[PDB]
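Written below as structure tokens is the structure these notes are about.
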Amino acid sequence: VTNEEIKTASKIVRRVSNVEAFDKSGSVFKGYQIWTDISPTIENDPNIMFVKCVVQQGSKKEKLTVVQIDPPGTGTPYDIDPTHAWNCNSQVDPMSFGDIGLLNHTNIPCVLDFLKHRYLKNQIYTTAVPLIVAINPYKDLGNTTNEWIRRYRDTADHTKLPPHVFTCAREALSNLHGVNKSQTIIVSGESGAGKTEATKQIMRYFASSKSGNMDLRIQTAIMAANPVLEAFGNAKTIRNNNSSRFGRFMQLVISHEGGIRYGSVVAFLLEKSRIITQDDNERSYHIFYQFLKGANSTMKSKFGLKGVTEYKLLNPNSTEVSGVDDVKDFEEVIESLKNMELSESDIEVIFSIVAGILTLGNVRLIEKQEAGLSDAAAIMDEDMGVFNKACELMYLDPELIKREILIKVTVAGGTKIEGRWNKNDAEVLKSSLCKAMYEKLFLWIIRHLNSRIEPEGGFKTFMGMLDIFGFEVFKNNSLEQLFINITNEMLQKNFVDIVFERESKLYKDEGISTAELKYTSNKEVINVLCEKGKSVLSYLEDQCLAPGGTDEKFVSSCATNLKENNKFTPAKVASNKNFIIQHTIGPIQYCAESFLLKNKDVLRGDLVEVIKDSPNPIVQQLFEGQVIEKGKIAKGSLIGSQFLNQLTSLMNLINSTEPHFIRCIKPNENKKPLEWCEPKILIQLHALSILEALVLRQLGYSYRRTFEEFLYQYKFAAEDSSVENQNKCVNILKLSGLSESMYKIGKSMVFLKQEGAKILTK
């Protein structure tokens with residue numbers, strides 16, 4: 001636990017309702033429990049934020065006398081200001097029901113406890129309508145097996161099943177075949193929160209068919225994609241041994257009995273930087289390690305493969321991951337590529353290109369005295385065999401690749417002015433080639449799979465499945481985080497809209513005015529980030545296309561022009577290269593250092609044309625359909641421009657569907673089962689809008705009983721005397737002296753505000 005985590009969590013903490021510890025006679029109710037912010041136990045443990053106390057008999061109303069009961073205390077009473085006392089759900093078994101909304105008090109210490117109780121008892125799934133909250137147990141609980149799938153698929157009454165990832169899978173599928181409306185399951189959270197697993201389990205649910213009377217050629221290709229996608233797009237980070245370094249979107253056609261008929265995969269924003277360099281105790285993509293360890297002596301000889309520690313692009317110190325068998329994973333990947341309908345030759349080409357990327361990374365560049373220059377780059381003389389092997393393996397012409405990396409042509413005036421690149425600029429070009437070849441090989445493998453698994457006329461009604469990171473808030477947030485946080489702003493509008501849509505329908509069905517239902521939009525912050533001409537992304541594109549473009553000038557243009565909006569804020573410390581966006585979850589600071597370097601990181605020009613001129617059909621296809629444009633930078637070769645189009649395309653699809661949300665929590669930073677870090681978890685409850693989903697549910701007339709249920713709560717039908725029961729309630733609410741704003745009477749139910757429902761019990 002960092003001190004930044006403690007500072008951040010403390011800002012999330014809020015007290016709303018008032019603690020009612022005293023009886024009508026001013027005496028403390030017998031063993032009345034409260035949560036408190038104050039305790040030595042809290043100060044001494046960074047994992048503890050709140051403590052449970054019993055308010056002592058004879059306590060004063062303005063200063064509470066409490067004895068801390070859990071964590072076990074000294075027994076010594078202490079005085080607290082009632083502003084530091086939150087209500088407690090004493091007498092509630094968190095194991096008996098799966099919805100947080102069912103609790104009487106849903107404050108921060110109450111929500112943390114409900115989920116903690118359940119987590120420690122190995123109940124990791126909890127509902128906070130419309131959300132499914134899943135907490136990483138860091139162990140197999142055996143609750144995602146085939147018998148558990150059958151249990152969730154075949155059970156007649158869905159209300160008899162506890163919360164599970166499978167509840168979204170069952171609900172989404174039921175609504176799809178029920179009303180012929182497309183559905184989307186959005187799986188988000190931090191890295192190591194278990195999004196990967198949630199997606200893998202939902203897909204296995206969907207693959208399980210009641211009657212095996214359907215062709216499974218496509219389904220086997222889709223299911224075989226996960227080991228391949230993981231091998232190429234996932235990597236070991238300090239936070240996760242299998243971190244997904246890309247955003248995944250899938251469209252599926254599922255039979256009502258189960259079984260995947262058709263599918264389409266979309267990968268976006270792969271971490272290109274990782275192919276070239278890795279931090280310490282971090283690896284590059286799994287495939288490099290799987291291939292170098294798992295490939296047979298025949299392929300090892302054919303591709304001239306060295307060991308995992310003999311490559312410049314792979315960290316030598318971090319080549320081993322405990323619990324990860326790269327050799328067995330390689331067997332699984334190869335088998336999966338075969339199940340994706342790729343021939344032994346197609347596979348041999350894929351691994352030739354992989355070995356070629358690794359080989360090219362081992363080619364050393366130096367700075368020679370040539371063409372009247374002292375800084376002309378050149379390939380090291382003993383590495384000329386290595387460079388040729390790299391080109392042979394990638395099915396490229398070494399002479400044309402060499403010319404592209406070393407020679408610099410300025411085509412100004414129609415006139416070709418031929419120069420040379422320096423060792424630094426040529427190392428940039430050699431590195432861009434490894435990154436582009438890898439990304440486009442990964443994208444090709446996906447394009448191949450899609451040609452085999454996609455429906456003929458495209459999708460009409462489909463099951464959408466997005467896997468992305470949630471809101472990212474690090475010390476240093478860069479371009480990558482800005483993209484994830486923009487994506488999350490889009491999905492925030494989807495969340496808010498469906499919550500409102502579902503509530504508004506209910507009120508309309510009962511004949512209650514939705515005029516009081518009032519929830520704000522995030523149109524403003526979306527605009528400050530995306531809006532054509534008037535946005536952060538626009539000024540980024542503008543500064544990338546400007547010849548004298550710098551990170552500082554991009555921040556300055558934003559500061560100047562987006563001064564109009566309250567959503568853009570310059571940073572207090574290092575104003576020149578730092579900014580703040582007022583996201584819905586709060587202010588998120590970004591560091592604009594290397595924004596242009598990262599936004600411009602796309603292989604372009606005559607290098608792309610050398611790849612397209614390859615005699616190999618797979619290599620030809622990698623850059624198939626490219627802007628060409630050697631000289632110089634088009635918005636067709638800028639990352640943010642590409643991203644915003646892809647995002648608009650993605651959102652247009654998601655916006656056409658019914659959304660389902662799975663919010664994944666990482667409970668500790670030590671990959672340990674049954675360990676609970678309250679600050680870490682609080683930040684995530686906030687960021688994943690789990691706390692907002694509770695605030696929203698409880699807004700307006702949230703207390704809804706029927707006419708009869710309201711009459712039973714008063715001790716003294718429906719189909720014989722509904723207008724009698726309707727009027728019996730209207731008289732009760734006039735007699736109790738409640739304000740007309742506190743209640744509304746509908747076709748069959750009584751609509752009470754949360755505060756008005758409380759006044760009725762007292």
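Every chain in the structure tokens takes a letter, A first, then B, and so on in the order presented; its residues are numbered from 1, and the ligands are numbered from 1 following the presented order.
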Handout entry: Which of stretch 56-99 of chain A DSSP labels strand (DSSP E), written as number ranges by chain
Key = A: 64-70, 78-80, 85-87
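The spacing separating atom CA of residue A:709 from atom CA of residue A:506 amounts to 17.9 Å.
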Notebook entry, point to check: Which neighbours of residue A:601 fall inside 9 Å, counting only C-alpha atoms, when residues of the same chain fewer than 6 positions from it are skipped, and could you give them as a ChimeraX atom specification?
Noted result: /A:272,432,637-639
Restricted to N, CA, C and O atoms, what would the selected residues look like written as an mmCIF file, in the first residue's frame?
```
data_model
loop_
_atom_site.group_PDB
_atom_site.id
_atom_site.type_symbol
_atom_site.label_atom_id
_atom_site.label_comp_id
_atom_site.auth_asym_id
_atom_site.auth_seq_id
_atom_site.Cartn_x
_atom_site.Cartn_y
_atom_site.Cartn_z
ATOM 1 N N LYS A 272 2.995 -1.816 -28.337
ATOM 2 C CA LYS A 272 4.118 -2.007 -29.264
ATOM 3 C C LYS A 272 5.483 -1.898 -28.573
ATOM 4 O O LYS A 272 6.402 -2.669 -28.908
ATOM 5 N N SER A 432 11.103 0.167 -35.351
ATOM 6 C CA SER A 432 9.758 0.324 -35.890
ATOM 7 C C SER A 432 9.387 -0.869 -36.756
ATOM 8 O O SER A 432 8.222 -1.245 -36.761
ATOM 9 N N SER A 637 -1.814 7.747 -40.424
ATOM 10 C CA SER A 637 -0.683 7.111 -39.764
ATOM 11 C C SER A 637 -0.419 7.687 -38.346
ATOM 12 O O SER A 637 0.700 7.601 -37.822
ATOM 13 N N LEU A 638 -1.468 8.254 -37.719
ATOM 14 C CA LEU A 638 -1.370 8.719 -36.345
ATOM 15 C C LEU A 638 -2.248 7.837 -35.456
ATOM 16 O O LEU A 638 -3.410 7.585 -35.781
ATOM 17 N N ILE A 639 -1.680 7.359 -34.346
ATOM 18 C CA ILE A 639 -2.322 6.445 -33.393
ATOM 19 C C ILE A 639 -3.703 6.950 -32.874
ATOM 20 O O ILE A 639 -4.676 6.193 -32.934
#
```
Neighbouring residues of residue A:218 were defined as those with any atom within 10 Å, considering only C-alpha atoms; residues of the same chain fewer than 4 positions away were excluded. Please report them as a short mmCIF file (atom, residue, chain, number, x, y, z; two decimals) with C-alpha atoms, in the first residue's frame.
```cif
data_model
loop_
_atom_site.label_atom_id
_atom_site.label_comp_id
_atom_site.auth_asym_id
_atom_site.auth_seq_id
_atom_site.Cartn_x
_atom_site.Cartn_y
_atom_site.Cartn_z
CA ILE A 222 -13.11 -19.36 -31.69
CA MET A 223 -12.30 -21.40 -28.52
CA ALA A 224 -8.82 -22.16 -29.91
CA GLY A 259 -23.08 -23.19 -28.92
CA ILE A 260 -21.22 -20.58 -30.93
CA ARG A 261 -22.44 -20.54 -34.57
CA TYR A 262 -20.37 -17.49 -35.75
CA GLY A 263 -17.86 -14.95 -34.36
CA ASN A 339 -7.79 -25.59 -35.04
CA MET A 340 -7.86 -22.06 -36.67
CA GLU A 341 -7.45 -23.85 -40.03
CA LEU A 449 -9.45 -16.41 -37.94
CA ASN A 450 -12.27 -13.88 -38.84
CA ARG A 452 -13.03 -18.60 -41.13
CA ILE A 453 -15.45 -17.70 -38.29
CA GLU A 454 -17.47 -14.64 -39.55
#
```
Practice prompt. Find the spatial neighbours of residue A:757, counting only C-alpha atoms, within a cut-off of 9 Å - ignore same-chain residues fewer than 6 positions away - and output them as an MDAnalysis selection string.
Written response: chainID A and resid 703 742:743
Backbone DSSP call of helix (DSSP H, G or I) for stretch 607-676 of chain A, listed as a compact mmCIF listing (two decimals) with C-alpha atoms, in the first residue's frame:
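Output saved as result.txt:
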```
# COMPACT_ATOMS: atom_id res chain seq x y z
CA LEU A 607 9.55 0.41 -45.92
CA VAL A 608 5.87 -0.68 -46.00
CA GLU A 609 6.17 -1.04 -49.83
CA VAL A 610 9.21 -3.42 -49.43
CA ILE A 611 7.04 -5.65 -47.19
CA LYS A 612 4.13 -5.55 -49.70
CA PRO A 617 1.41 -14.23 -49.59
CA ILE A 618 1.21 -13.96 -45.75
CA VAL A 619 3.92 -11.15 -45.65
CA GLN A 620 2.16 -9.36 -48.60
CA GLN A 621 -1.11 -9.42 -46.57
CA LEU A 622 0.41 -7.91 -43.31
CA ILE A 639 -2.32 6.45 -33.39
CA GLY A 640 -4.99 8.78 -31.85
CA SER A 641 -6.67 9.35 -35.25
CA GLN A 642 -6.76 5.58 -35.89
CA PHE A 643 -8.02 4.99 -32.30
CA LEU A 644 -10.85 7.57 -32.49
CA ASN A 645 -12.18 6.02 -35.72
CA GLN A 646 -11.95 2.46 -34.26
CA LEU A 647 -13.66 3.75 -31.02
CA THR A 648 -16.50 5.48 -32.95
CA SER A 649 -17.00 2.28 -34.95
CA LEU A 650 -16.94 0.22 -31.69
CA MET A 651 -19.31 2.56 -29.81
CA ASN A 652 -21.80 2.64 -32.72
CA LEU A 653 -22.06 -1.20 -32.31
CA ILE A 654 -22.21 -1.18 -28.43
CA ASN A 655 -24.79 1.72 -28.47
```
Applying 9 Å and only C-alpha atoms, which residues near stretch 277-281 of chain A remain after dropping the ones on its own chain fewer than 3 positions away? List them as an MDAnalysis selection string.
chainID A and resid 236:238 273:274 284 312:315 317:319
So that I have them on file, write out the residues from the current selection with C-alpha atoms, as a PDB file, in the first residue's frame.
```pdb
ATOM      1  CA  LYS A 236       4.105 -11.067 -17.685  1.00  0.00           C
ATOM      2  CA  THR A 237       4.088  -7.716 -15.833  1.00  0.00           C
ATOM      3  CA  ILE A 238       4.965  -7.008 -12.177  1.00  0.00           C
ATOM      4  CA  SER A 273       6.857  -0.696 -26.870  1.00  0.00           C
ATOM      5  CA  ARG A 274       7.020  -4.125 -25.115  1.00  0.00           C
ATOM      6  CA  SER A 284       7.920  -9.458 -23.517  1.00  0.00           C
ATOM      7  CA  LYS A 312      18.505  -8.126 -27.284  1.00  0.00           C
ATOM      8  CA  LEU A 313      14.662  -7.727 -27.493  1.00  0.00           C
ATOM      9  CA  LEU A 314      13.996 -10.157 -24.553  1.00  0.00           C
ATOM     10  CA  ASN A 315      14.982  -9.323 -20.924  1.00  0.00           C
ATOM     11  CA  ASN A 317      17.103 -11.779 -16.214  1.00  0.00           C
ATOM     12  CA  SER A 318      13.264 -12.201 -16.355  1.00  0.00           C
ATOM     13  CA  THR A 319      12.963 -15.197 -18.840  1.00  0.00           C
TER      14      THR A 319
END
```
* To do: Tell me which protein, DNA and RNA residues are within 8 Å of residue A:553, counting only C-alpha atoms, leaving out same-chain ones fewer than 4 positions away, and put them as a VMD selection string.
  => chain A and resid 543 549 557
